[PDB]
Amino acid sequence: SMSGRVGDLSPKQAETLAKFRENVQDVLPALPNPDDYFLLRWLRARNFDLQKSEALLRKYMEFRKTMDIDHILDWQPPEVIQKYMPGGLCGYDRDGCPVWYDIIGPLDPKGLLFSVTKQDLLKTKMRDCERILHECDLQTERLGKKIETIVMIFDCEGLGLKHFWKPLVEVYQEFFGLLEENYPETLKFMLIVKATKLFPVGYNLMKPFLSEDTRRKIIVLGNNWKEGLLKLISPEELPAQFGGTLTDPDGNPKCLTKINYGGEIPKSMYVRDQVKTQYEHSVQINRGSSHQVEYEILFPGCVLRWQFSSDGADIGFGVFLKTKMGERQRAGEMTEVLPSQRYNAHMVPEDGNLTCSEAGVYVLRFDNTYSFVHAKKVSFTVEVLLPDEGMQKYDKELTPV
């Protein structure tokens, strides 16, 4: 079989290329380098189907306009992103392919999304797409061989419940979706290092946004992850932080000159205290009454996630565990999970989550015991975030928490 790459095309692939081009006659005037290489990414992504490859390319032309890709290398992100958005482009693998780091642990999710918008974050990620593509083009020049694929490293140390706040999850979802739509056939490997026991839930949140091609390229490294990275990346190209010998000019092993390590964003940089949201349910509760919902959990390891808002007085909220569905239980008859407390959910919504570490029926209960009024409207959403079953197979090498 032929791989559908320049210098390795079958007669059919070549004829399909020559045709697709004839065909993408009217959009080509807009591109900086529509070489055979460029066209063939689209074709490979859709198995050389002319109509699907064309439709995919045409959508990308629209993305170019929406994101102003023509000028994006000159676009300056907000200072909060420059200073506190983790990751960066650093080094090249053993084959010449550029490496892109993300450092998930120290991300401040609310700090970021209360300081900048989802669109500023996504535009920054697309700017980094365009920067790493330019590194591919420059490596091609340097090495005398075609470089058009990249290595993504996700340092998942410290991946935890804070990261499952829905607005942050949505940024990452949209980012992976943008890569699939606009950067097909660009990924060499996505390497997951130091993943925690929460990785299967996190991955399942992203999975719907990953192509089958991408999913086959995801490698979950274990305890010997430094050796694993060194198999792919020479020590002189791999930060000492990640097992190599590359440092900043001053010797810092973190390579801070190229890789950001996040951190807590100063509250003085915030532009808002909440993001807009809609709720799945709204209920009216009586003075001194309660309202609850119940989830029958058979398979431990899923994450229960909630958000609520209520005008007026504070509202009570807690989570309890009982053995099976049945008539209403008193708090003291159930296993406390999250003991009830008083929350001000009027100025800003309350959100939270927890890991369901035992099978049973989880009861999320609102207690209206703080209004000096007749009754009370509570708006809320509760979701269960399931673990990816295939990734639970790595459980023994995933770090607690």
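Residue positions are given as counts along the sequence shown, with the first one as 1.
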272-280 versus 168-176 - greater average Cα B-factor per the deposited record = 272-280
Mean Cα B-factor check, 366-374 vs 36-44, entry values; winner is 366-374
Going by the CA temperature factor in the entry, name the top one among 237, 311, 157, 120.
-> 311
Highest CA B factor of 356, 69, 337, 56, as deposited, is found at 337
Determine, from the deposited record, the chain-internal third of the Cα B-factor for residue 13: lowest, middle or highest.
-> lowest
Based on the entry's values, in what third of the chain does the Cα temperature factor of residue 289 lie: lowest, middle or highest?
-> highest
C-alpha B factor of residue 137, ranked within the chain: lowest, middle or highest third?
-> lowest
Assigned third (lowest, middle, highest) for the C-alpha B factor of residue 389 | middle
Residue 116, C-alpha B-factor rank within chain (lowest, middle or highest third) | middle
